[PDB]
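Asks: Starting off with a structure, shown below.
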Amino acid sequence: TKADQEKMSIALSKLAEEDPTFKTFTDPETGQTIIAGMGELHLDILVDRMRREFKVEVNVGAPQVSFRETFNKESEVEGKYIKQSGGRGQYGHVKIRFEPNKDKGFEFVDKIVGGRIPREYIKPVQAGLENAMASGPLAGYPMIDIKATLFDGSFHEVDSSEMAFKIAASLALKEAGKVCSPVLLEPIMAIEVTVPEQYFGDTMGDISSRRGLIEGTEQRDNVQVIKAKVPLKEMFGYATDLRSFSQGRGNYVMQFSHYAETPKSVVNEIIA
Amino acid sequence: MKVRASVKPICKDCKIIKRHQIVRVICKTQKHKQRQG
Amino acid sequence: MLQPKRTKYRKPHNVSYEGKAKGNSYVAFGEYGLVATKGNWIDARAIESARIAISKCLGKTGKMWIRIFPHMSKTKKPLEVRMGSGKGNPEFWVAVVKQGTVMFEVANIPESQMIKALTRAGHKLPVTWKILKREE
Amino acid sequence: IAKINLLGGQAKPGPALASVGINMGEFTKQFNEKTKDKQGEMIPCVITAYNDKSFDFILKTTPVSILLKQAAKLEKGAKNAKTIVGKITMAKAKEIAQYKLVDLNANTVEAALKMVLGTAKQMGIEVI
RNA sequence: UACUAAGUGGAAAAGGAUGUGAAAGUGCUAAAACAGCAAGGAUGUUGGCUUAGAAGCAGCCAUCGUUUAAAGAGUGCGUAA
RNA sequence: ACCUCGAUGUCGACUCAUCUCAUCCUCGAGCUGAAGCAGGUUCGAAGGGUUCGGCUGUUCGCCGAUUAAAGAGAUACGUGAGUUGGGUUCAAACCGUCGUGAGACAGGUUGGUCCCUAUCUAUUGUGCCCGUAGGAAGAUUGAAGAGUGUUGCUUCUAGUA
RNA sequence: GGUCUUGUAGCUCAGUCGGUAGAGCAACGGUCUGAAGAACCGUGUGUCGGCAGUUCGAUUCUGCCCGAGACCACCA
């Protein structure tokens with residue numbers, strides 16, 4: 001409950017005065033409260049203080065950092081919103097190009113030469129795009145890496161207004177996104193592991209079996225170094241998969257690398 | 001020690017013995033050996 | 001999967017597979033071949049399972065030929081019905097093979113993989129297959 | 001016993017070599033000064049698995065198995081012998097074979113050239 | 001006169017097999033053939049895609065030569081190669 | 001559509017259960033991507049046992065809570081000349097539908113009466129005639145046999161490997 | 001499961017039914033409008049569900065298939 005959230009924050013205040021090394025984040029998108037711990041015993045003792053020392057009863061789940069969205073090859077559709085809700089007539093209509101841009105975010109290019117759209121409507125329509133990508137038809141993450149090219153439109157009389165054009169552009173963006181087969185991107189962390197000799201094959205087989213992008217060896221002064229661009233989901237239990245196999249003598253560095261295309265298996269897992 | 005109906009040598013060692021007039025397939029490993037295959 | 005174009009009559013005799021090889025009684029286009037030791041009927045599904053097995057174990061090249069094409073068809077009398085209302089409902093197509101008939105031939109990637117592919121093909125059908133080599 | 005072939009710029013890389021029982025700085029300095037004339041290049045080394053293992057390490061001249069690319073003035077050693085990648089003059093190939101004649105089982109320049117042709121077979125370029 | 005080792009006889013197959021016996025052949029060898037054993041079983045060479053290395057041999061693609069009586073980019077097992 | 005339409009009593013529930021393993025648990029062993037714990041896997045195999053309730057007339061179904069476990073098939077959907085009849089299937093009535101209406105719906109609803117004096121075989125206990133070679137009185141062994149072959153908890157070993 | 005009916009423009013419906021695809025609206029251009037809507041004037045869209053046949057050409061006739069819709073489940 002939200003009251004349970006408040007009481008768990010009180011428990012957080014109690015438990016952070018002893019050792020604040022644990023980090024707590026309340027994600028704005030995934031929503032669930034992430035709290036850091038060392039290992040099985042560390043999380044267990046945190047739970048014990050929560051339920052017995054603090055009398056705080058909270059459910060436990062799984063870490064939450066989900067995705068990003070984008071879409072496939074380009075297309076061009078039109079948006080016509082002739083509607084009204086509150087006392088008079090409303091209308092708007094635009095024509096935009098829905099084109100992907102692999103390495104650039106939202107971009108606008110105008111193609112109004114015959115006066116189909118006054119300059120006053122050039123800027124609002126952009127915003128209509130910038131808010132329309134926020135939802136996806138697969139799982140609802142915002143669509144990025146898109147180049148938008150406005151082509152045409154129609155400004156009518158008093159029935160026309162700027163927010164009507166923004167809504168028409170939103171309709172066009174969603175329709176084109178549905179047509180152009182949207183795809184997903186998963187977070188990918190760059191993990192570097194330095195082991196003298198013991199867990200060469202162990203880490204090789206763990207990465208090959210679980211997930212990750214690997215290429216061979218780095219041979220440091222007296223150790224073996226392996227860097228893997230691996231999905232952030234694969235860190236689940238990896239902290240103890242490596243540590244248990246290393247008897248507690250394992251270490252690495254976790255740095256976020258980039259968002260990468262999600263394979264079909266990930267497409268089947270996350271969807272409801 | 002598996003049970004099948006068509007024995008074919010999977011590993012290098014897949015020998016057979018009609019021991020006590022009962023056919024057992026044996027291997028150097030404990031997995032590839034068979035019985036009444 | 002493999003069916004004739006037009007059928008003047010859809011309802012022939014039930015079928016009898018008795019007799020010896022009348023047509024395609026030998027291998028005449030490959031280098032290795034497969035012969036049936038008993039007359040049977042091969043339906044579309046088993047034929048396609050054998051064909052996909054051959055395709056998978058064939059590699060990148062390999063030449064294969066079936067001596068027959070699925071021509072005959074079968075009918076299914078309605079279930080839970082009393083005796084006598086006509087004939088059955090038309091169903092899957094099928095090919096008839098007689099006792100001692102060569103059905104299939106292979107070349108291109110010789111005898112080792114040839115015999116391997118022939119075993120792969122024959123391990124999908126009830127017929128007690130027999131492998132042979134076409135002699136030139 | 002294993003085979004090793006690594007950069008001549010420094011003998012410090014290689015944990016397996018240091019774990020045999022020889023001090024890191026020892027073979028590092030020794031190799032780096034024995035290759036001081038020409039280093040910063042790929043060199044095949046050989047060592048044994050000795051118990052005391054004070055120093056039982058030696059090097060060899062630059063390997064000639066795909067080194068014809070140096071003589072062929074190209075890179076990207078071909079996997080398949082389907083097309084030719086370039087041309088090498090026979091004089092240079094024979095001179096290199098003589099240069100490596102003492103190393104191998106070859107007892108005349110011709111046998112070393114036969115081995116060069118055999119190792120060039122995979123590359124797609126032959127002794128031309 | 002041959003067969004049996006299953007009580008087959010005295011119910012059934014897809015299947016698989018150094019089961020038994022016979023026949024038709026095909027090669028070498030008493031110099032001691034084959035089995036086993038004492039050994040060797042090598043080099044260019046760690047050939048390249050690549051597993052934050054291609055290395056014999058995860059795999060993949062080529063898929064040769066030198067000495068030898070012998071050694072195959074290897075016959076396989078197996079190793080992080 | 002082959003005997004039985006000059007008659008093969010059928011639902012469920014209760015009791016009596018028995019038998020089979022094509023085994024659910026308890027037994028043993030092998031393999032294991034089986035460190036142990038925690039599991040799966042295959043074989044031998046019936047010695048045994050395998051719960052209590054709610055909804056439902058009502059098996060099959062679900063759930064609840066339990067045991068170490070909460071298997072199935074066959075016995076005329078075992079089991080009425082063993083018990084009842086909530087049940088389809090009497091006469092009665094009613095709702096909806098259909099049918100000109102009389103009447104009908106694996107649609108529903110309210111209910112609606114199960115006869116048996118036992119001859120033999122069988123089978124369980126209890127007896128009579130005499131037998132086993134003088135009569136009577138005892139002691140007996142034991143042939144095929146009959147009956148039970150279920151399992152859990154706690155603690156120490158030992159927080160030991 | 002059959003016993004039937006239906007499948008026609010972008011929606012709803014007719015056909016020398018063996019010799020032609022057409023209506024209202026959906027739908028664009030114009031008229032006009034201090035604002036538009038509305039209204040008016042002209043379009044246009046067309047394997048007649050898919051297959052096969054007969055002949056003469058099958059949208060129609062015959063048969064089959066597919067989708068959907070109406071009727072029933074021995075003993076009543």
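Ordering of the structure tokens sets the chain letters (A, B, ...); residue numbers start at 1 within each chain; ligands are numbered from 1 in the order shown.
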Give the residues of chain E that lie within 7 Å of chain A; count only C-alpha atoms (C1' of nucleotides), and format the answer as a ChimeraX atom specification.
Replies: /E:51-53,80
Asks: Mind dumping the selected residues with N, CA and C atoms (P, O5', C5', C4', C3', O3' and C1' of nucleotides) as a PDB file, in the first residue's frame?
Replies:
ATOM      1  P     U E  51      33.002 -14.222 -31.082  1.00  0.00           P
ATOM      2  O5'   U E  51      32.724 -15.151 -29.817  1.00  0.00           O
ATOM      3  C5'   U E  51      33.003 -14.695 -28.500  1.00  0.00           C
ATOM      4  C4'   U E  51      33.570 -15.798 -27.653  1.00  0.00           C
ATOM      5  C3'   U E  51      34.690 -15.422 -26.682  1.00  0.00           C
ATOM      6  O3'   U E  51      34.226 -14.842 -25.463  1.00  0.00           O
ATOM      7  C1'   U E  51      35.334 -17.312 -27.942  1.00  0.00           C
ATOM      8  P     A E  52      35.219 -14.183 -24.362  1.00  0.00           P
ATOM      9  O5'   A E  52      35.776 -12.827 -25.025  1.00  0.00           O
ATOM     10  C5'   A E  52      36.373 -11.782 -24.239  1.00  0.00           C
ATOM     11  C4'   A E  52      36.559 -10.492 -25.024  1.00  0.00           C
ATOM     12  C3'   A E  52      37.948 -10.168 -25.580  1.00  0.00           C
ATOM     13  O3'   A E  52      38.263 -10.885 -26.765  1.00  0.00           O
ATOM     14  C1'   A E  52      36.971  -8.217 -24.645  1.00  0.00           C
ATOM     15  P     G E  53      39.568 -10.562 -27.663  1.00  0.00           P
ATOM     16  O5'   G E  53      40.397 -11.926 -27.643  1.00  0.00           O
ATOM     17  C5'   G E  53      40.755 -12.602 -28.845  1.00  0.00           C
ATOM     18  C4'   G E  53      41.999 -13.438 -28.647  1.00  0.00           C
ATOM     19  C3'   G E  53      42.519 -14.213 -29.847  1.00  0.00           C
ATOM     20  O3'   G E  53      43.197 -13.415 -30.801  1.00  0.00           O
ATOM     21  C1'   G E  53      42.620 -15.570 -27.911  1.00  0.00           C
ATOM     22  P     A E  80      37.977 -25.700 -19.465  1.00  0.00           P
ATOM     23  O5'   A E  80      37.766 -24.344 -20.274  1.00  0.00           O
ATOM     24  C5'   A E  80      37.506 -24.354 -21.671  1.00  0.00           C
ATOM     25  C4'   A E  80      38.115 -23.151 -22.344  1.00  0.00           C
ATOM     26  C3'   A E  80      39.444 -23.389 -23.046  1.00  0.00           C
ATOM     27  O3'   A E  80      39.312 -23.940 -24.343  1.00  0.00           O
ATOM     28  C1'   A E  80      39.666 -21.541 -21.627  1.00  0.00           C
TER      29        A E  80
END
Asks: Could you list, as a list in words, the residues of chain B having an atom within 8 Å of chain E when counting only C-alpha atoms (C1' of nucleotides)?
Replies: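 Listing them in order of chain and number gives residues 5, 6, 7, 8 and 37 of chain B.
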Asks: Generate the output file for the selected residues, N, CA and C atoms, as a compact mmCIF listing (two decimals), in the first residue's frame.
Replies:
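Everything below was put into again_24.txt:
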# COMPACT_ATOMS: atom_id res chain seq x y z
N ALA B 5 15.30 -49.79 -27.89
CA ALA B 5 15.00 -50.91 -28.77
C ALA B 5 15.86 -50.90 -30.03
N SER B 6 16.86 -50.02 -30.11
CA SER B 6 17.77 -49.97 -31.25
C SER B 6 19.13 -49.50 -30.74
N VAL B 7 20.02 -50.44 -30.46
CA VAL B 7 21.36 -50.09 -30.00
C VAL B 7 22.22 -49.72 -31.20
N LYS B 8 22.87 -48.57 -31.11
CA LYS B 8 23.87 -48.12 -32.06
C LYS B 8 24.96 -47.42 -31.26
N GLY B 37 18.49 -52.80 -24.98
CA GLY B 37 18.28 -51.78 -25.99
C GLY B 37 17.93 -52.33 -27.35
Asks: Report as a PyMOL selection string all protein, DNA and RNA residues lying within 10 Å of residue 99 of chain D, evaluated on only C-alpha atoms (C1' of nucleotides), omitting residues in the same chain fewer than 3 positions from it.
Replies: chain D and resi 61+93-96+102-103+109+112
Asks: Using DSSP assignments from the backbone, pull out every residue in chain B that falls under strand (DSSP E) and give it to me as a PyMOL selection string.
Replies: chain B and resi 2-3+15-17+24-26+34-35
Asks: Applying 6 Å and only C-alpha atoms (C1' of nucleotides), which residues near residue 95 of chain C remain after dropping the ones on its own chain fewer than 4 positions away? List them as a list in words.
Replies: residues 41, 42, 70, 71 and 72 of chain C
Asks: Take the residues from that selection and write them out as a short mmCIF file (atom, residue, chain, number, x, y, z; two decimals), in the first residue's frame, keeping C-alpha atoms.
Replies:
data_model
loop_
_atom_site.label_atom_id
_atom_site.label_comp_id
_atom_site.auth_asym_id
_atom_site.auth_seq_id
_atom_site.Cartn_x
_atom_site.Cartn_y
_atom_site.Cartn_z
CA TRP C 41 0.69 -47.24 -48.59
CA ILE C 42 2.58 -43.99 -48.01
CA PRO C 70 1.20 -39.13 -54.69
CA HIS C 71 -1.81 -39.97 -56.86
CA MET C 72 -4.34 -42.14 -54.98
#
Asks: Pick out the residues sitting within 8 Å of residue 30 of chain C, and hand them over as a list in words; count only C-alpha atoms (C1' of nucleotides), and ignore anything fewer than 6 positions along from it in its own chain.
Replies: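 Once the adjacent positions are removed, what remains is residues 63, 64, 65, 105, 106, 107 and 134 of chain C.
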Asks: Could you pull out the alpha helix (DSSP H) residues of chain C from DSSP and send them as a ChimeraX atom specification?
Replies: /C:44-57,111-122
Asks: Using only C-alpha atoms (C1' of nucleotides), which residues sit within 7 Å of residue 30 of chain B once same-chain residues fewer than 3 positions away are excluded, as a list in words?
Replies: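 Those residues are residues 27 and 33 of chain B; 31 of chain F.
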Asks: Within 12 Å of residue 58 of chain F, counting only C-alpha atoms (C1' of nucleotides), which residues qualify if same-chain residues fewer than 2 places away don't, as a list in words?
Replies: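 Residues meeting the cut-off are residues 11, 12, 13, 55, 56, 60, 86, 87 and 88 of chain F.
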Asks: Interatomic distance between atom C1' of residue 18 of chain E and atom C1' of residue 4 of chain E?
Replies: 20.1 Å
Asks: To one decimal place, how far is atom CA of residue 60 of chain C from atom CA of residue 29 of chain C in Å?
Replies: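 Straight-line distance from atom CA of residue 60 of chain C to atom CA of residue 29 of chain C works out to 20.2 Å.
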Asks: For chain G, list the residues within 9 Å of chain A, counting only C-alpha atoms (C1' of nucleotides), and write the list as a PyMOL selection string.
Replies: chain G and resi 35-37
Asks: Selected residues, C-alpha atoms (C1' of nucleotides), written as a PDB file, in the first residue's frame, please.
Replies:
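Result written to result19.pdb:
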ATOM      1  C1'   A G  35     -17.023  32.067 -39.330  1.00  0.00           C
ATOM      2  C1'   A G  36     -17.692  27.326 -40.642  1.00  0.00           C
ATOM      3  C1'   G G  37     -21.185  23.674 -40.664  1.00  0.00           C
TER       4        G G  37
END
Asks: With the cut-off set at 12 Å and counting only C-alpha atoms (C1' of nucleotides), tabulate each residue of chain C with an atom at most that distance from an atom of chain E, showing the nearest atom pair and its distance in Å to one decimal, ordered by chain and increasing number, as a Markdown table.
Replies:
| residue | atom | partner | partner_atom | distance |
| --- | --- | --- | --- | --- |
| C:122 | CA | E:14 | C1' | 11.5 |
| C:123 | CA | E:14 | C1' | 9.7 |
| C:124 | CA | E:14 | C1' | 10.6 |
| C:125 | CA | E:14 | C1' | 9.3 |
| C:126 | CA | E:14 | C1' | 6.5 |
| C:127 | CA | E:14 | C1' | 8.4 |
| C:128 | CA | E:14 | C1' | 7.9 |
| C:129 | CA | E:14 | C1' | 11.0 |
Asks: Smallest atom-to-atom distance to chain A: which of F:161, F:156, F:22, F:33, using only C-alpha atoms (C1' of nucleotides)?
Replies: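 Checking each candidate against chain A, we get F:33 as the closest.
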Asks: Using only C-alpha atoms (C1' of nucleotides), which residue out of F:40, F:78, F:54, F:61 lies closest to residue 17 of chain F?
Replies: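 Under the stated criterion, the closest residue is F:78.
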Asks: Mind running chain F against chain B at 12 Å and telling me each contacting residue's nearest atom pair with the distance in Å (one decimal), counting only C-alpha atoms (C1' of nucleotides), chain and number ascending, as a Markdown table?
Replies:
| residue | atom | partner | partner_atom | distance |
| --- | --- | --- | --- | --- |
| F:29 | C1' | B:1 | CA | 11.8 |
| F:30 | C1' | B:1 | CA | 6.8 |
| F:31 | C1' | B:31 | CA | 6.1 |
| F:32 | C1' | B:31 | CA | 8.4 |
| F:41 | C1' | B:2 | CA | 10.2 |
| F:42 | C1' | B:2 | CA | 6.9 |
| F:43 | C1' | B:3 | CA | 9.2 |
Asks: Write a file of the just-selected residues containing N, CA and C atoms (P, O5', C5', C4', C3', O3' and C1' of nucleotides), as a PDB file, in the first residue's frame.
Replies:
ATOM      1  P     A F  29      20.463 -48.739  -1.544  1.00  0.00           P
ATOM      2  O5'   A F  29      20.825 -48.930  -3.082  1.00  0.00           O
ATOM      3  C5'   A F  29      21.490 -50.102  -3.525  1.00  0.00           C
ATOM      4  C4'   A F  29      21.343 -50.298  -5.012  1.00  0.00           C
ATOM      5  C3'   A F  29      21.801 -49.146  -5.888  1.00  0.00           C
ATOM      6  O3'   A F  29      23.206 -49.088  -6.043  1.00  0.00           O
ATOM      7  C1'   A F  29      19.710 -49.928  -6.651  1.00  0.00           C
ATOM      8  P     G F  30      23.932 -47.669  -6.237  1.00  0.00           P
ATOM      9  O5'   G F  30      23.795 -47.385  -7.796  1.00  0.00           O
ATOM     10  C5'   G F  30      24.304 -48.308  -8.747  1.00  0.00           C
ATOM     11  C4'   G F  30      23.842 -47.974 -10.143  1.00  0.00           C
ATOM     12  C3'   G F  30      23.983 -46.519 -10.557  1.00  0.00           C
ATOM     13  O3'   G F  30      25.298 -46.184 -10.961  1.00  0.00           O
ATOM     14  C1'   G F  30      21.838 -47.304 -11.154  1.00  0.00           C
ATOM     15  P     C F  31      25.862 -44.700 -10.724  1.00  0.00           P
ATOM     16  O5'   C F  31      25.169 -43.841 -11.872  1.00  0.00           O
ATOM     17  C5'   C F  31      25.324 -44.195 -13.237  1.00  0.00           C
ATOM     18  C4'   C F  31      24.386 -43.416 -14.120  1.00  0.00           C
ATOM     19  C3'   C F  31      24.431 -41.905 -13.958  1.00  0.00           C
ATOM     20  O3'   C F  31      25.489 -41.308 -14.687  1.00  0.00           O
ATOM     21  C1'   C F  31      22.183 -42.630 -13.933  1.00  0.00           C
ATOM     22  P     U F  32      26.451 -40.231 -13.982  1.00  0.00           P
ATOM     23  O5'   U F  32      25.605 -38.882 -14.011  1.00  0.00           O
ATOM     24  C5'   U F  32      25.053 -38.391 -15.224  1.00  0.00           C
ATOM     25  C4'   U F  32      23.817 -37.567 -14.970  1.00  0.00           C
ATOM     26  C3'   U F  32      23.998 -36.379 -14.039  1.00  0.00           C
ATOM     27  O3'   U F  32      24.507 -35.239 -14.711  1.00  0.00           O
ATOM     28  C1'   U F  32      22.090 -37.618 -13.384  1.00  0.00           C
ATOM     29  P     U F  41      10.648 -38.125 -13.073  1.00  0.00           P
ATOM     30  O5'   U F  41      11.785 -38.992 -13.775  1.00  0.00           O
ATOM     31  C5'   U F  41      12.268 -38.643 -15.063  1.00  0.00           C
ATOM     32  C4'   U F  41      13.577 -39.324 -15.371  1.00  0.00           C
ATOM     33  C3'   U F  41      13.570 -40.841 -15.280  1.00  0.00           C
ATOM     34  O3'   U F  41      13.031 -41.456 -16.435  1.00  0.00           O
ATOM     35  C1'   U F  41      15.457 -39.997 -14.140  1.00  0.00           C
ATOM     36  P     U F  42      11.693 -42.339 -16.324  1.00  0.00           P
ATOM     37  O5'   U F  42      12.223 -43.836 -16.388  1.00  0.00           O
ATOM     38  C5'   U F  42      13.058 -44.264 -17.452  1.00  0.00           C
ATOM     39  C4'   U F  42      13.981 -45.373 -17.017  1.00  0.00           C
ATOM     40  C3'   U F  42      13.334 -46.512 -16.248  1.00  0.00           C
ATOM     41  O3'   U F  42      12.667 -47.438 -17.087  1.00  0.00           O
ATOM     42  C1'   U F  42      15.324 -45.855 -15.159  1.00  0.00           C
ATOM     43  P     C F  43      11.440 -48.300 -16.512  1.00  0.00           P
ATOM     44  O5'   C F  43      12.146 -49.497 -15.738  1.00  0.00           O
ATOM     45  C5'   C F  43      13.141 -50.284 -16.376  1.00  0.00           C
ATOM     46  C4'   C F  43      13.945 -51.079 -15.377  1.00  0.00           C
ATOM     47  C3'   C F  43      13.144 -51.914 -14.397  1.00  0.00           C
ATOM     48  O3'   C F  43      12.678 -53.126 -14.963  1.00  0.00           O
ATOM     49  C1'   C F  43      14.846 -50.755 -13.238  1.00  0.00           C
TER      50        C F  43
END
Asks: For residue 154 of chain A, which of A:190, A:239, A:36, A:82 is the closest residue, counting only C-alpha atoms?
Replies: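 That would be A:82, the residue with the smallest distance to residue 154 of chain A.
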Asks: To one decimal in Å, tell me the separation between atom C1' of residue 120 of chain F and atom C1' of residue 82 of chain F.
Replies: 21.7 Å
